[PDB]
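A single chain, nothing else alongside it, follows as structure tokens in the form deposited in one PDB entry.
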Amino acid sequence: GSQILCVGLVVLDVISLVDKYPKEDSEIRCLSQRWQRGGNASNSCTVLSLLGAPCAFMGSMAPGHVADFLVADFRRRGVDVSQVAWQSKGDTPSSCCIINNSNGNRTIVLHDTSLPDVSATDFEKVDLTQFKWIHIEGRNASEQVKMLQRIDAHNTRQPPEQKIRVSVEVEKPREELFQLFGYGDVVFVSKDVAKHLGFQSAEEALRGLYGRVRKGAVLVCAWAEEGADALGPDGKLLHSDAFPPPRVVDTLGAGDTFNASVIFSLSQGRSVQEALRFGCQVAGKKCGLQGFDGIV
């Protein structure tokens, strides 16, 4: 019971670093380029690993030269990949990512291949006893709500001493996913989802959405340079200022760095206030670097 598990996408991020965002129908030359392992649950595994937390990724992956790269990266980072749902149909997805080196803005064109999502069945097939935490990136909702019911069940039959804690990310403003607010002890909702839904602050959002969460759970909302807020059952709003770097050069996967770091801190039994601060602290540190090398 010593590992954290993330369940979501792994994506090849084909990255271009430019010094200003290109105007439509124009042509500019990038400063530098790199390939990076990406996808939300993949990114959080990078971060959890860098923090010293044994973790494991679980997502789909079609065999090929791309996947061979993604996997060589998972190892080397020490991410247990042994839970991957290897596909036959489809290619592994990839993104074009334009990173604006003057403000770290990152723009992403995702080629979501037909590759099929990890399912209730893939999941029903995993040894829950290895994990202290399970984080799920909201993608195939209805099919994941099932993986969530399974974990609750396993919990029921377990001494509070050894229940598996669960967190859930709703990053995309998409209906299918809104049912997912109802699971997990921790629920991450993005600024985009919040805005796409009426609210224009992290505190508004938390008041609004708290009704939708499972009894006793914490709802977390980061808001970039506004920092991040949390709201638990006690009804007290928690806040943390951001730790922006002097020069913000790369925000690609800052949100995932925040999620990972919050998860990490909580899994070490720190308070919600402490973990809020940790998340901003580490996400902010990453925004001042290209990639993840160097956040520790």
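For the two forms, the rigid core is made up of the largest set of C-alpha atoms that agree within 1.5 Å on superposition. Residue numbers run from 1 along the displayed sequence.
The protein also exists as the form deposited in another entry; that form is not presented, and the subsequent description refers to it.
- Core superposition between the shown form and the other one leaves every listed residue (121, 155, 107, 149) with a C-alpha shift below 2 angstroms except 107.
- Annotation: Cα of residue 271 displaced by less than 2 Å between the shown form and the other one, core superposition.
- Superposed on the core, the two forms differ at residue 98: its CA moves 2 Å or more between the shown form and the other one.
- Taking the rigid core as fixed, one finds a CA shift for residue 237 smaller than 2 Å between the shown form and the other one.
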